[PDB]
Amino acid sequence: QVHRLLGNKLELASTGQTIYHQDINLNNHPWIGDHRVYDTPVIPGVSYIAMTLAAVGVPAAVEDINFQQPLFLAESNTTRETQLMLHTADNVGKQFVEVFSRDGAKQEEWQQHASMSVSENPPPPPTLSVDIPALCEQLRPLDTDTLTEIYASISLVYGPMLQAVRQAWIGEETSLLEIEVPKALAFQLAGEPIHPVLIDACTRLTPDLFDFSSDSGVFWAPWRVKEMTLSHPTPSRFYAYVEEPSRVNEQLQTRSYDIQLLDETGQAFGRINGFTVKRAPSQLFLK
Amino acid sequence: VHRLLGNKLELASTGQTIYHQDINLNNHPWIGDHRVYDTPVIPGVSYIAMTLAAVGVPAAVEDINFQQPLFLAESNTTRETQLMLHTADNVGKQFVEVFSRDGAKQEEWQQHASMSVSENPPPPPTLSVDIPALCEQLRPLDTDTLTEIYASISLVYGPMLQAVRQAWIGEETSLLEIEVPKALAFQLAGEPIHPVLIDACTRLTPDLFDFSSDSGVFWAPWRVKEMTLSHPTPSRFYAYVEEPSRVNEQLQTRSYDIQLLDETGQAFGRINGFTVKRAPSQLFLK
């Protein structure tokens, strides 16, 4: 049989590797059609973290995450033969993970989309608490339309199956997102710790989101993530909390930030460290 | 899904190919007709047939080794099997491994075979034999006589393994006429050579009586130096052995060579250094 997110599991007798293989298209994964960059369905990078977390189970920690070329679906019927390769643990006990795809029909050359390592060490148990009704009493709520325009300004549009942001708050130094399972997406969930969309939603706000120079049309593509930890599956409703404004590297041209995942009570249960985006014009990005 | 190889998966990362399938009496009823110690077992040469099906003929396969056999203990036993075709190396040879594990118990993987696909295939056959002229100077042999020898090493060929139409024997040479068993016919699927047919080529040598029929202990295929095949087997062909089996007292082995000859008597394949070794039931089926 076959997991909705990972596809088919194959354990390699020779190596002790594990391959998860599936055919990705809008039939299998209609949600991609609602994550549109330059009006092209594209899989956001954090999806591969989601997949890896689904393969190894939580609690888990994933480190040195890199995104190469995006997996995009040019045409309505485009199928990409996709493979997530989970390597056999090394001497330090780390598991290397890599995600490749090639076009189904044409039988093209394999393109890599992601690499990362599963840490040999379970993250240490979450320490940061938060009083949630107090945060929403010292911040100032956002109109979601204001955010939609910012995304549209960098050629990003979130369709019905990506609209997971219930409410947004902003301060001068901090930001907070209230995140839930989009009604359109609900049917597609399959007991994976965190769906690609939900982890993507965590990355949608920073104290200084009005700063991300808009007037060019050029997209900010996720490029690397230092560390991502998750202690348990996401609840039906949770929060994404950013404590400091994004760090802007100039000479190497990247914006980076941190996100704390907080449950219903305001208890931390996951985090994303060093979430880095880089400018990617459509000529370079779309391949 | 190819009936013989199962499902093909090409690895993105390495350029390797995995053929994976569930082996059982349902998928492969013929195994039930190759019984050693009254246990359905896959003959070693099957994995050569599999490899030949993966890469195509003409082809040569070298340094073939058989480890633990794949056997089906119970009538419903399923073993998930994987044939791994490695990406070609510097010399351009492709390493091949066959593993299985129990479908139910999810035990540890057991290896059944390893071999290398040669960088370059055999040259188009030129040499040829006159079959009737060879048969005019060989003593025909009754099949019952052979069935008894196999039974004495705890080997029994059922209807789907009964590929030997006729057998001849001389002092120095042996000859087998081989055809597709009527019970097996429907299972063939365009593979160059079916496990059964390659197995049948190994069933006679000029000195077959000198195989110890005394304790019921089986002679298990252990290694093969080279196996070459130029084209798919015709519906009827011959297996020719030119010299008596070489016996290694010390290593406890018997080894021999088999020439595969078509309907006209033209050679189109061979098996070199086909080695059997004594394998008692306690060691063999465990």
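Please treat every number below as a calculation from the coordinates, not as lab data. With ideal geometry, Cβ positions are generated from the backbone for all residues, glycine too; neighbour counts draw on all protein chains shown.
Here are the numbers for the structure shown:
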read-out	value
Max mean-square fluctuation residue, GNM over chain A, Cα-Cα springs under 10 Å, options A:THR15, A:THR79, A:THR88	A:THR15
Residue among B:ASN65, B:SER46, B:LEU9 farthest towards the positive dipole end of the stretch B:1-67, charges placed on Cβ	B:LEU9
Part-to-part distance (alpha-carbon centres) for the stretch A:222-271 and the stretch A:162-189, which is given in Å	13
Qualifying GluC sites (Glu not before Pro) in the stretch A:115-158, DSSP loop, other Cβ atoms within 10 Å at most 15	A:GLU120
Average Cα contact separation per residue, chain B, under 8 Å, 6 or more apart, as relative contact order %	20
Ratio of Rg to Rh over the stretch A:105-231 (Cα coordinates, Kirkwood Rh, two decimals)	0.99
Spatial separation of Cα centroids for the stretch A:1-34 and the stretch B:70-108, in angstrom	22
Of B:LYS8/B:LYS277; A:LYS9/B:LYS105; A:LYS9/A:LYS226; A:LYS106/B:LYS8; B:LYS8/B:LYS225, pairs whose Cα-Cα distance is over 29 Å	B:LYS8/B:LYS277
The stretch A:181-287 - charge dipole about Cα centre, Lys and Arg +1 at Cβ, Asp and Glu -1, debye rounded to 20	380
Assigned charges on the beta-carbon of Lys, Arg, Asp, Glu; chain A dipole about Cα centre (debye)	620
Size of electric dipole in the protein assembly as shown: Cβ of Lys, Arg +1 and of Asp, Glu -1, about Cα centre, debye, nearest 20	280
Cα lying deepest toward the dipole's positive end in chain B, options B:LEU127, B:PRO280, B:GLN21, charges on Cβ	B:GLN21
Inter-label distance, nm, simple model (7 Å from Cα along the C-beta direction), B:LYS225/A:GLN69	4.9
Highest-fluctuation residue, B:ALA133, B:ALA49, B:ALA60 considered, GNM on chain B with Cα pairs under 10 Å	B:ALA133
Listed residues B:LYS182, B:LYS105, B:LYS93, most fluctuating in chain B (Gaussian network, C-alpha, under 10 Å)	B:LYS105
Long-range amide H partners of B:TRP222 with built H, under 5 Å	B:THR275, B:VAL276, B:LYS277
Shielding by partners, peptide A:4-13 (average Cβ within 10 angstrom, other chains)	4
Reachable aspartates and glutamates, given that their alpha-carbon falls under 17 Å from the alpha-carbon of A:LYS278 and they are not under 8 places away in the same chain	A:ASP64, A:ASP200, A:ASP208, A:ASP211, A:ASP215, A:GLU250, A:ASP258
³J(HN,Hα), Karplus 6.51/-1.76/1.60, whole Hz, each residue of the stretch B:271-280, x for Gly, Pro	10, 10, x, 5, 10, 9, 9, 4, 9, x
Contact order relative to length of the stretch B:147-286, as percent, for alpha carbon pairs under 8 angstrom and 6 or more apart	25
For the stretch B:239-252, Karplus couplings with θ = phi - 60° (6.51, -1.76, 1.60), whole Hz, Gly/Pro x	10, 10, 10, 8, 9, x, 5, 7, 10, 9, 2, 4, 5, 6
Rounded to whole Å, sorted largest first: equivalent-ellipsoid semi-axes of chain A, Cα gyration tensor	29, 23, 18
Residue mean of other protein chain beta carbons inside 10 Å, A:14-22	3
Full-stretch length increase - B:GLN250, B:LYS182 - with 0.36 nm per residue and alpha-carbon distance subtracted	20.3 nm
